[PDB]
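Listing of entry27.csv, CSV, C-alpha atoms
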chain,number,residue,atom,x,y,z
J,1,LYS,CA,20.8,-7.7,-7.2
J,2,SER,CA,19.5,-8.6,-3.7
J,3,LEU,CA,18.6,-4.9,-3.2
J,4,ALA,CA,14.8,-5.2,-3.4
J,5,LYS,CA,14.9,-7.9,-0.7
J,6,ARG,CA,17.1,-6.0,1.7
J,7,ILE,CA,15.0,-2.8,1.2
J,8,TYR,CA,11.8,-4.8,1.7
J,9,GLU,CA,13.2,-6.4,4.9
J,10,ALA,CA,14.2,-3.0,6.3
J,11,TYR,CA,10.6,-1.9,5.6
J,12,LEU,CA,9.0,-4.9,7.4
J,13,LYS,CA,11.5,-4.6,10.2
J,14,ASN,CA,11.4,-0.8,10.9
J,15,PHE,CA,7.7,0.0,10.3
J,16,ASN,CA,5.2,-1.1,13.0
J,17,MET,CA,2.3,-0.6,10.5
J,18,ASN,CA,2.3,-1.9,7.0
J,19,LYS,CA,-0.4,-2.3,4.3
J,20,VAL,CA,-0.9,-6.0,5.2
J,21,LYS,CA,-1.7,-5.4,8.9
J,22,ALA,CA,-3.7,-2.2,8.0
J,23,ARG,CA,-5.9,-4.0,5.5
J,24,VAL,CA,-6.4,-6.8,8.1
J,25,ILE,CA,-7.5,-4.3,10.7
J,26,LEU,CA,-9.6,-2.4,8.2
J,27,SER,CA,-11.2,-5.6,7.0
J,28,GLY,CA,-12.8,-6.1,10.5
J,29,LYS,CA,-12.2,-9.8,10.2
J,30,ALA,CA,-9.8,-11.7,12.4
J,31,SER,CA,-10.8,-9.7,15.5
J,32,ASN,CA,-14.0,-9.2,17.4
J,33,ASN,CA,-12.5,-6.1,19.0
J,34,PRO,CA,-12.6,-3.4,16.2
J,35,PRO,CA,-10.8,-0.1,16.5
J,36,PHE,CA,-12.6,2.7,18.4
J,37,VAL,CA,-14.6,4.8,15.9
J,38,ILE,CA,-14.0,8.6,16.1
J,39,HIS,CA,-17.0,10.1,14.3
J,40,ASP,CA,-18.2,13.1,16.4
J,41,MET,CA,-17.1,15.6,18.9
J,42,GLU,CA,-17.9,13.4,21.9
J,43,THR,CA,-15.9,10.4,20.6
J,44,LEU,CA,-13.1,12.7,19.7
J,45,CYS,CA,-13.1,14.1,23.2
J,46,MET,CA,-13.0,10.5,24.5
J,47,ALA,CA,-10.0,9.7,22.3
J,48,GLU,CA,-8.1,12.9,23.1
J,49,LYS,CA,-8.5,12.4,26.8
J,50,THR,CA,-6.8,9.0,26.7
J,51,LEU,CA,-3.9,10.2,24.5
J,52,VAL,CA,-2.8,12.9,27.0
J,53,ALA,CA,-2.7,10.3,29.8
J,54,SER,CA,5.1,12.3,14.9
J,55,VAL,CA,8.4,11.5,16.5
J,56,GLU,CA,7.9,7.8,16.2
J,57,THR,CA,6.8,8.1,12.6
J,58,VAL,CA,9.9,10.1,11.7
J,59,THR,CA,12.2,7.8,13.8
J,60,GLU,CA,10.8,4.7,11.9
J,61,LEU,CA,11.7,6.3,8.6
J,62,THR,CA,15.2,7.2,9.9
J,63,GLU,CA,16.0,3.7,10.9
J,64,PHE,CA,14.6,2.4,7.6
J,65,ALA,CA,16.7,4.9,5.7
J,66,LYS,CA,20.0,4.0,7.4
J,67,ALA,CA,19.1,0.4,6.7
J,68,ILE,CA,19.0,1.1,2.9
J,69,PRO,CA,22.2,-0.2,1.4
J,70,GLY,CA,24.5,2.8,1.0
J,71,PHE,CA,22.6,5.3,3.0
J,72,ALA,CA,24.7,4.7,6.2
J,73,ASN,CA,27.8,5.2,4.1
J,74,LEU,CA,26.8,8.8,3.1
J,75,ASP,CA,28.0,11.9,4.9
J,76,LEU,CA,26.0,12.5,8.1
J,77,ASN,CA,24.8,15.9,6.9
J,78,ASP,CA,23.5,14.4,3.6
J,79,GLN,CA,21.6,11.7,5.6
J,80,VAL,CA,20.0,14.5,7.5
J,81,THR,CA,19.3,16.5,4.3
J,82,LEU,CA,17.8,13.5,2.5
J,83,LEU,CA,15.6,12.7,5.4
J,84,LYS,CA,14.6,16.4,6.2
J,85,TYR,CA,13.0,17.0,2.8
J,86,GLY,CA,11.7,13.5,2.0
J,87,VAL,CA,10.1,12.4,5.3
J,88,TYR,CA,6.8,14.1,4.7
J,89,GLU,CA,6.5,12.7,1.2
J,90,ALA,CA,7.2,9.2,2.5
J,91,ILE,CA,4.8,9.7,5.4
J,92,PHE,CA,2.0,10.7,3.1
J,93,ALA,CA,2.9,7.9,0.7
J,94,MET,CA,2.6,5.2,3.4
J,95,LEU,CA,-0.4,7.1,4.9
J,96,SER,CA,-2.5,5.6,2.0
J,97,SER,CA,-1.9,2.1,3.5
J,98,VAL,CA,-4.2,2.9,6.5
J,99,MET,CA,-6.8,4.9,4.5
J,100,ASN,CA,-10.0,3.8,2.8
J,101,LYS,CA,-12.8,5.9,1.2
J,102,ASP,CA,-14.6,6.4,4.6
J,103,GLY,CA,-11.8,7.0,7.1
J,104,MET,CA,-8.3,6.2,8.4
J,105,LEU,CA,-6.7,4.2,11.1
J,106,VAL,CA,-4.9,6.0,14.0
J,107,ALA,CA,-2.9,5.1,17.1
J,108,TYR,CA,-1.2,2.0,15.6
J,109,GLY,CA,-4.6,0.8,14.3
J,110,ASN,CA,-6.4,1.1,17.7
J,111,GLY,CA,-8.6,3.9,16.4
J,112,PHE,CA,-10.5,4.8,13.2
J,113,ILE,CA,-11.5,8.4,12.5
J,114,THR,CA,-14.2,8.7,9.8
J,115,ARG,CA,-13.6,10.9,6.7
J,116,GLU,CA,-16.9,12.7,7.1
J,117,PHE,CA,-16.1,13.8,10.6
J,118,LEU,CA,-12.8,15.3,9.5
J,119,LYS,CA,-14.4,17.4,6.7
J,120,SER,CA,-17.2,18.5,9.1
J,121,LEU,CA,-14.8,20.5,11.3
J,122,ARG,CA,-14.7,24.3,10.9
J,123,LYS,CA,-12.0,26.0,8.8
J,124,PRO,CA,-9.2,25.4,8.4
J,125,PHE,CA,-9.2,22.0,10.1
J,126,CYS,CA,-11.5,20.3,7.6
J,127,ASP,CA,-8.9,21.1,4.9
J,128,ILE,CA,-6.0,19.3,6.6
J,129,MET,CA,-6.7,15.6,5.9
J,130,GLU,CA,-9.0,15.7,2.9
J,131,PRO,CA,-6.2,16.3,0.4
J,132,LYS,CA,-4.5,13.2,1.8
J,133,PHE,CA,-7.7,11.1,1.3
J,134,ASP,CA,-7.8,12.3,-2.3
J,135,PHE,CA,-4.2,11.2,-3.0
J,136,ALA,CA,-4.7,7.9,-1.1
J,137,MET,CA,-7.8,7.0,-3.0
J,138,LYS,CA,-6.1,7.3,-6.4
J,139,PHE,CA,-2.8,5.9,-5.0
J,140,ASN,CA,-4.5,2.8,-3.6
J,141,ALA,CA,-6.0,2.3,-7.1
J,142,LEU,CA,-2.6,1.3,-8.2
J,143,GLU,CA,-2.9,-1.7,-5.8
J,144,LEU,CA,0.7,-1.7,-4.6
J,145,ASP,CA,1.7,-4.2,-2.0
J,146,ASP,CA,4.3,-3.7,0.8
J,147,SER,CA,7.1,-4.9,-1.5
J,148,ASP,CA,6.3,-2.1,-4.0
J,149,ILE,CA,5.8,0.5,-1.3
J,150,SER,CA,9.2,-0.3,0.3
J,151,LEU,CA,11.0,0.5,-3.0
J,152,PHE,CA,8.8,3.5,-3.7
J,153,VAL,CA,9.6,5.1,-0.3
J,154,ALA,CA,13.3,4.3,-0.8
J,155,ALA,CA,13.3,6.3,-4.1
J,156,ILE,CA,11.6,9.2,-2.3
J,157,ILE,CA,14.4,9.5,0.2
J,158,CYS,CA,17.4,8.7,-2.0
J,159,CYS,CA,17.2,11.5,-4.6
J,160,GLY,CA,20.1,13.7,-5.5
J,161,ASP,CA,18.2,16.9,-6.1
J,162,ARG,CA,17.5,17.8,-2.5
J,163,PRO,CA,18.6,21.3,-1.5
J,164,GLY,CA,22.0,21.5,0.0
J,165,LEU,CA,23.5,18.0,-0.7
J,166,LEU,CA,27.2,17.7,-0.7
J,167,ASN,CA,28.0,14.2,-2.2
J,168,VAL,CA,25.5,14.5,-5.0
J,169,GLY,CA,27.4,12.0,-7.1
J,170,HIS,CA,26.9,9.0,-4.8
J,171,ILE,CA,23.2,9.8,-4.1
J,172,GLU,CA,22.4,9.9,-7.8
J,173,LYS,CA,24.1,6.6,-8.4
J,174,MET,CA,22.2,5.2,-5.4
J,175,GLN,CA,18.9,6.4,-6.8
J,176,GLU,CA,19.9,4.9,-10.2
J,177,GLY,CA,20.1,1.5,-8.4
J,178,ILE,CA,16.9,1.9,-6.5
J,179,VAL,CA,15.0,3.2,-9.6
J,180,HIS,CA,16.3,0.4,-11.8
J,181,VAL,CA,15.3,-2.1,-9.1
J,182,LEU,CA,11.9,-0.5,-8.7
J,183,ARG,CA,11.3,-0.5,-12.5
J,184,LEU,CA,12.2,-4.2,-12.8
J,185,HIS,CA,10.2,-5.2,-9.7
J,186,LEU,CA,7.1,-3.3,-10.9
J,187,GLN,CA,6.9,-5.2,-14.2
J,188,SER,CA,7.6,-8.5,-12.4
J,189,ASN,CA,5.0,-7.9,-9.6
J,190,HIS,CA,2.4,-6.0,-11.8
J,191,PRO,CA,3.0,-7.0,-15.4
J,192,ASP,CA,-0.5,-6.1,-16.7
J,193,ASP,CA,0.0,-2.5,-15.7
J,194,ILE,CA,3.0,-1.7,-17.9
J,195,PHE,CA,2.9,2.0,-17.4
J,196,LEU,CA,2.9,1.7,-13.6
J,197,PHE,CA,6.4,3.1,-13.3
J,198,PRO,CA,5.6,6.3,-15.1
J,199,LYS,CA,2.5,6.5,-13.0
J,200,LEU,CA,4.6,6.2,-9.8
J,201,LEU,CA,6.9,8.9,-11.1
J,202,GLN,CA,3.9,11.3,-11.3
J,203,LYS,CA,2.9,10.3,-7.8
J,204,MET,CA,6.3,11.2,-6.4
J,205,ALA,CA,5.7,14.7,-7.9
J,206,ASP,CA,2.2,14.8,-6.5
J,207,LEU,CA,3.7,14.0,-3.1
J,208,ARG,CA,6.2,16.9,-3.4
J,209,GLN,CA,3.3,19.2,-4.2
J,210,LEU,CA,1.1,17.7,-1.4
J,211,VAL,CA,3.9,18.3,1.1
J,212,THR,CA,4.4,21.9,-0.1
J,213,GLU,CA,0.6,22.5,0.2
J,214,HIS,CA,0.7,20.9,3.7
J,215,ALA,CA,3.4,23.3,4.9
J,216,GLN,CA,1.4,26.4,3.8
J,217,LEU,CA,-1.8,25.2,5.5
J,218,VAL,CA,0.2,24.3,8.6
J,219,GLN,CA,1.7,27.8,9.0
J,220,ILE,CA,-1.8,29.3,9.1
J,221,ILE,CA,-2.1,28.0,12.7
L,1,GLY,CA,12.7,22.2,12.4
L,2,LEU,CA,12.5,18.4,12.5
L,3,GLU,CA,16.2,18.2,11.7
L,4,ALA,CA,16.6,17.9,15.5
L,5,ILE,CA,14.3,14.9,15.6
L,6,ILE,CA,15.9,13.1,12.7
L,7,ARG,CA,19.5,13.7,13.9
L,8,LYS,CA,18.6,12.1,17.2
L,9,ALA,CA,17.1,9.1,15.5
L,10,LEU,CA,20.2,8.8,13.3
L,11,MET,CA,22.3,8.5,16.5
L,12,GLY,CA,20.0,6.1,18.3
L,13,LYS,CA,22.0,2.8,18.2
L,14,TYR,CA,24.8,4.7,20.0
Can you give me the file's structure in the form of C-alpha coordinates?
Amino acid sequence: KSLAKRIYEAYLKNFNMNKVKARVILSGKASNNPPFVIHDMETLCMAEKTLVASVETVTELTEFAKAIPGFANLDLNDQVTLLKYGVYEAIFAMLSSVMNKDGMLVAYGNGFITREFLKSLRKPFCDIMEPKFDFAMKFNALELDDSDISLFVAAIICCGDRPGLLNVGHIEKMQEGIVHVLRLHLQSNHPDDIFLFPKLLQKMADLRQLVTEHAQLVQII
Amino acid sequence: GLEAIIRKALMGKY
(Lines of atoms letter the chains of each structure in order from A and count residues from 1; the text may use other names and numbers.)
(Lines give C-alpha, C1' and ligand atoms only; values in the text may rest on other atoms or scores of the structure.)
Protein backbone atom coordinates (compact mmCIF):
# COMPACT_ATOMS: atom_id res chain seq x y z
CA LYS A 1 0.00 0.00 0.00
CA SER A 2 0.85 3.72 -0.23
CA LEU A 3 2.72 2.94 -3.47
CA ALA A 4 0.29 4.51 -5.94
CA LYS A 5 0.32 7.74 -3.92
CA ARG A 6 4.11 8.03 -3.75
CA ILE A 7 4.45 7.23 -7.46
CA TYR A 8 1.77 9.79 -8.32
CA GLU A 9 3.50 12.40 -6.14
CA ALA A 10 6.85 11.77 -7.85
CA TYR A 11 5.06 12.25 -11.18
CA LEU A 12 3.39 15.55 -10.25
CA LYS A 13 6.68 16.71 -8.69
CA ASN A 14 9.20 15.79 -11.39
CA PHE A 15 7.24 16.46 -14.62
CA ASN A 16 6.75 20.11 -15.58
CA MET A 17 3.96 19.15 -18.00
CA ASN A 18 1.10 16.79 -17.11
CA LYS A 19 -2.20 15.90 -18.74
CA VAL A 20 -4.13 18.32 -16.52
CA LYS A 21 -2.05 21.36 -17.47
CA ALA A 22 -1.83 20.23 -21.10
CA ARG A 23 -5.61 19.87 -21.40
CA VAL A 24 -6.00 23.31 -19.80
CA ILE A 25 -3.68 24.88 -22.37
CA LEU A 26 -5.23 22.89 -25.22
CA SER A 27 -8.69 23.97 -24.06
CA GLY A 28 -7.84 27.59 -24.81
CA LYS A 29 -9.88 28.64 -21.79
CA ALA A 30 -8.28 30.22 -18.71
CA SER A 31 -5.90 32.32 -20.83
CA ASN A 32 -6.32 35.05 -23.44
CA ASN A 33 -2.73 34.42 -24.62
CA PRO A 34 -2.87 31.13 -26.54
CA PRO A 35 0.26 29.24 -27.61
CA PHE A 36 1.99 30.29 -30.81
CA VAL A 37 0.62 28.25 -33.72
CA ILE A 38 3.25 26.71 -36.00
CA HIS A 39 1.36 25.88 -39.20
CA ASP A 40 3.64 26.81 -42.13
CA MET A 41 7.26 27.36 -43.09
CA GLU A 42 7.17 31.03 -42.08
CA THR A 43 5.82 30.39 -38.57
CA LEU A 44 8.24 27.48 -38.21
CA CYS A 45 11.11 29.82 -39.12
CA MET A 46 9.85 32.30 -36.52
CA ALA A 47 9.79 29.61 -33.82
CA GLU A 48 13.16 28.12 -34.77
CA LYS A 49 14.82 31.54 -34.64
CA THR A 50 13.78 32.17 -31.03
CA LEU A 51 14.84 28.68 -29.89
CA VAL A 52 18.48 29.14 -30.92
CA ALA A 53 18.63 32.46 -29.05
CA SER A 54 15.54 16.25 -25.04
CA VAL A 55 17.96 16.46 -22.11
CA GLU A 56 15.30 18.03 -19.89
CA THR A 57 12.73 15.38 -20.83
CA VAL A 58 15.18 12.57 -20.04
CA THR A 59 16.29 14.26 -16.82
CA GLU A 60 12.65 14.56 -15.70
CA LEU A 61 12.16 10.81 -16.16
CA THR A 62 15.44 10.08 -14.37
CA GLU A 63 14.46 12.06 -11.27
CA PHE A 64 11.00 10.47 -11.40
CA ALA A 65 12.50 6.98 -11.63
CA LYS A 66 14.85 7.34 -8.66
CA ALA A 67 11.80 8.65 -6.75
CA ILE A 68 9.95 5.37 -7.36
CA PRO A 69 10.19 3.31 -4.14
CA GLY A 70 12.98 0.78 -4.60
CA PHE A 71 14.53 2.22 -7.76
CA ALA A 72 17.19 4.15 -5.84
CA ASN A 73 18.14 0.95 -3.99
CA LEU A 74 19.03 -0.88 -7.21
CA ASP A 75 22.57 -1.16 -8.53
CA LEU A 76 23.62 1.97 -10.41
CA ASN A 77 24.21 0.09 -13.67
CA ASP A 78 20.71 -1.41 -13.47
CA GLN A 79 19.20 2.04 -12.92
CA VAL A 80 21.07 3.17 -16.04
CA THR A 81 19.94 0.07 -17.93
CA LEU A 82 16.28 0.39 -16.94
CA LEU A 83 16.29 4.05 -17.98
CA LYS A 84 18.30 3.59 -21.18
CA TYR A 85 15.76 1.21 -22.77
CA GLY A 86 12.52 2.53 -21.27
CA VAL A 87 12.89 6.30 -21.59
CA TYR A 88 11.66 6.52 -25.20
CA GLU A 89 8.63 4.35 -24.41
CA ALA A 90 7.79 6.58 -21.44
CA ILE A 91 8.36 9.74 -23.50
CA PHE A 92 6.01 8.59 -26.26
CA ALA A 93 3.49 7.43 -23.65
CA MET A 94 3.31 10.83 -21.94
CA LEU A 95 3.58 12.56 -25.34
CA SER A 96 -0.10 11.65 -25.79
CA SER A 97 -0.98 14.05 -22.97
CA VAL A 98 -0.05 17.09 -25.09
CA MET A 99 -1.56 15.80 -28.36
CA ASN A 100 -4.99 16.16 -29.93
CA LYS A 101 -6.34 15.16 -33.35
CA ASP A 102 -5.06 18.41 -34.91
CA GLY A 103 -1.66 19.06 -33.32
CA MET A 104 0.58 18.99 -30.28
CA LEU A 105 1.97 21.38 -27.69
CA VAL A 106 5.68 22.22 -27.76
CA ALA A 107 8.10 24.27 -25.65
CA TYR A 108 6.45 23.68 -22.27
CA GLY A 109 3.06 24.52 -23.79
CA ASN A 110 4.12 27.85 -25.29
CA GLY A 111 3.75 26.60 -28.86
CA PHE A 112 1.37 24.45 -30.87
CA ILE A 113 2.48 22.81 -34.13
CA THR A 114 -0.39 21.55 -36.25
CA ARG A 115 -0.66 17.93 -37.37
CA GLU A 116 -1.24 18.83 -41.03
CA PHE A 117 1.93 20.94 -41.22
CA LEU A 118 4.03 18.04 -39.93
CA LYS A 119 2.71 15.59 -42.54
CA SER A 120 3.14 18.21 -45.30
CA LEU A 121 6.94 18.23 -45.00
CA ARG A 122 8.96 16.25 -47.52
CA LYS A 123 10.24 12.75 -46.88
CA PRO A 124 11.23 11.50 -44.44
CA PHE A 125 10.32 14.30 -42.01
CA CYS A 126 6.55 13.93 -42.47
CA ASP A 127 6.90 10.33 -41.22
CA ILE A 128 8.51 11.21 -37.87
CA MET A 129 5.55 12.44 -35.83
CA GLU A 130 2.49 10.94 -37.55
CA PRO A 131 3.04 7.47 -35.98
CA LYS A 132 2.96 9.20 -32.59
CA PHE A 133 -0.30 10.99 -33.40
CA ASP A 134 -1.74 7.59 -34.34
CA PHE A 135 -0.73 6.00 -31.04
CA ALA A 136 -1.84 9.03 -29.02
CA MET A 137 -5.28 9.20 -30.64
CA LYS A 138 -6.06 5.62 -29.64
CA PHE A 139 -4.23 5.96 -26.31
CA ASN A 140 -6.20 9.07 -25.34
CA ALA A 141 -9.36 7.07 -26.10
CA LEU A 142 -8.66 5.13 -22.89
CA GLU A 143 -9.19 8.44 -21.01
CA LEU A 144 -6.40 7.93 -18.49
CA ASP A 145 -5.74 10.66 -15.95
CA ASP A 146 -2.38 11.60 -14.47
CA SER A 147 -2.81 9.11 -11.63
CA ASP A 148 -3.09 6.30 -14.17
CA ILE A 149 -0.26 7.63 -16.35
CA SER A 150 2.10 7.80 -13.37
CA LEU A 151 1.68 4.08 -12.66
CA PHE A 152 1.74 3.25 -16.37
CA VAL A 153 5.10 4.97 -16.85
CA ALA A 154 6.46 3.30 -13.70
CA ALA A 155 5.66 -0.13 -15.15
CA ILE A 156 7.43 0.83 -18.39
CA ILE A 157 10.68 1.65 -16.59
CA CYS A 158 10.65 -1.08 -13.92
CA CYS A 159 10.63 -4.25 -16.03
CA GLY A 160 13.03 -7.13 -15.47
CA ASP A 161 13.41 -8.12 -19.12
CA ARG A 162 15.69 -5.27 -20.19
CA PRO A 163 18.92 -6.39 -21.92
CA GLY A 164 21.87 -6.60 -19.57
CA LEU A 165 20.25 -6.42 -16.14
CA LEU A 166 22.19 -7.83 -13.19
CA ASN A 167 19.80 -7.94 -10.21
CA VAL A 168 16.88 -9.23 -12.26
CA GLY A 169 15.28 -10.70 -9.13
CA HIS A 170 14.56 -7.41 -7.37
CA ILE A 171 13.39 -5.70 -10.56
CA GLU A 172 10.83 -8.43 -11.24
CA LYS A 173 9.51 -8.23 -7.67
CA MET A 174 9.36 -4.43 -7.98
CA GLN A 175 7.40 -4.74 -11.23
CA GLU A 176 5.07 -7.21 -9.50
CA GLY A 177 4.24 -4.53 -6.94
CA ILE A 178 3.77 -1.78 -9.52
CA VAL A 179 1.67 -3.99 -11.80
CA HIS A 180 -0.47 -5.23 -8.91
CA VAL A 181 -1.02 -1.61 -7.84
CA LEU A 182 -1.76 -0.53 -11.42
CA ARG A 183 -4.30 -3.35 -11.83
CA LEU A 184 -6.11 -2.44 -8.61
CA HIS A 185 -5.97 1.30 -9.30
CA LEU A 186 -7.38 0.81 -12.82
CA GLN A 187 -10.52 -0.97 -11.63
CA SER A 188 -10.98 1.57 -8.82
CA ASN A 189 -10.48 4.60 -11.10
CA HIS A 190 -12.07 3.15 -14.29
CA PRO A 191 -14.47 0.42 -13.15
CA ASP A 192 -16.71 0.38 -16.25
CA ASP A 193 -13.71 -0.49 -18.48
CA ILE A 194 -12.89 -3.84 -16.90
CA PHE A 195 -10.45 -4.87 -19.65
CA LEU A 196 -8.45 -1.64 -19.33
CA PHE A 197 -5.44 -3.41 -17.82
CA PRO A 198 -5.11 -5.92 -20.70
CA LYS A 199 -5.49 -2.95 -23.05
CA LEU A 200 -2.64 -1.14 -21.29
CA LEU A 201 -0.47 -4.26 -21.56
CA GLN A 202 -0.93 -4.15 -25.33
CA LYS A 203 -0.08 -0.43 -25.37
CA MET A 204 3.22 -1.13 -23.60
CA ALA A 205 4.05 -3.54 -26.42
CA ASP A 206 2.94 -0.98 -29.01
CA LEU A 207 5.32 1.53 -27.41
CA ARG A 208 8.21 -0.94 -27.61
CA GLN A 209 7.45 -1.34 -31.32
CA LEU A 210 6.95 2.40 -31.83
CA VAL A 211 10.34 3.08 -30.24
CA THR A 212 11.98 0.41 -32.41
CA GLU A 213 10.41 1.98 -35.50
CA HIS A 214 11.56 5.39 -34.26
CA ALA A 215 15.22 4.35 -34.05
CA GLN A 216 15.18 2.96 -37.60
CA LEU A 217 13.68 6.15 -39.03
CA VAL A 218 16.11 8.26 -36.97
CA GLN A 219 19.18 6.50 -38.40
CA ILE A 220 18.16 7.45 -41.97
CA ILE A 221 19.35 10.99 -41.23
CA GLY B 1 24.22 6.95 -26.60
CA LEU B 2 21.98 8.75 -24.12
CA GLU B 3 23.50 6.66 -21.31
CA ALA B 4 25.72 9.70 -20.73
CA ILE B 5 22.69 11.97 -20.30
CA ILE B 6 20.87 9.64 -17.92
CA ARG B 7 23.97 8.88 -15.83
CA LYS B 8 24.51 12.60 -15.26
CA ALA B 9 20.88 13.06 -14.19
CA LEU B 10 21.24 10.09 -11.83
CA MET B 11 24.10 12.00 -10.17
CA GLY B 12 22.39 15.39 -10.04
CA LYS B 13 21.59 15.80 -6.35
CA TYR B 14 25.31 15.32 -5.58
Exercise. Which distance in Å separates atom CA of residue J:190 and atom CA of residue J:6, to one decimal?
Worked result: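 Atom CA of residue J:6 lies 20.0 Å from atom CA of residue J:190.
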Problem set entry | Pairwise distance for atom CA of residue J:31 and atom CA of residue J:64, rounded to one decimal in Å |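 Rounded to one decimal, the two atoms are 29.2 Å apart.
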For this session: Output as number ranges by chain the set of chain J residues within 10 Å of chain L, with distances taken over all atoms listed in the file.
Result: J: 54-56, 58-63, 65-66, 72, 76-77, 79-81, 83-85, 87
For this session: For atom CA of residue J:165 and atom CA of residue J:10, quote the distance in Å rounded to one decimal.
Result: 24.0 Å
For this session: Fewer than 5 positions away in the same chain doesn't count, so skip those; otherwise give me all residues within 12 Å of residue J:156, counting only C-alpha atoms, as a PyMOL selection string.
Result: chain J and resi 61+65+82-94+149-151+161-162+171+174-175+178-179+182+200-201+203-208
Problem set entry | Pick from J:184, J:51, J:17, J:113, whichever lies nearest to residue J:37 using only C-alpha atoms | J:113
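Checking J:211, J:107, J:186, J:30 one by one against residue J:198, counting all atoms listed in the file, you find the shortest gap at J:186.
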For this session: May I have the residues within 10 Å of residue J:217 as a VMD selection string, using only C-alpha atoms and disregarding those fewer than 2 positions away in the same chain?
Result: chain J and resid 124 to 125 127 to 128 211 to 215 219 to 221
Would you output that residue set with C-alpha atoms, as a PDB file, keeping the file's coordinate frame?
ATOM      1  CA  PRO J 124      -9.200  25.400   8.400  1.00  0.00           C
ATOM      2  CA  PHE J 125      -9.200  22.000  10.100  1.00  0.00           C
ATOM      3  CA  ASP J 127      -8.900  21.100   4.900  1.00  0.00           C
ATOM      4  CA  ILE J 128      -6.000  19.300   6.600  1.00  0.00           C
ATOM      5  CA  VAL J 211       3.900  18.300   1.100  1.00  0.00           C
ATOM      6  CA  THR J 212       4.400  21.900  -0.100  1.00  0.00           C
ATOM      7  CA  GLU J 213       0.600  22.500   0.200  1.00  0.00           C
ATOM      8  CA  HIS J 214       0.700  20.900   3.700  1.00  0.00           C
ATOM      9  CA  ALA J 215       3.400  23.300   4.900  1.00  0.00           C
ATOM     10  CA  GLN J 219       1.700  27.800   9.000  1.00  0.00           C
ATOM     11  CA  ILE J 220      -1.800  29.300   9.100  1.00  0.00           C
ATOM     12  CA  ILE J 221      -2.100  28.000  12.700  1.00  0.00           C
TER      13      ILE J 221
END
For this session: Please identify all polymer residues within 9 Å of residue J:110, counting all atoms listed in the file, omitting same-chain residues fewer than 4 positions from it, and present them as number ranges by chain.
Result: J: 25, 34-36, 105-106
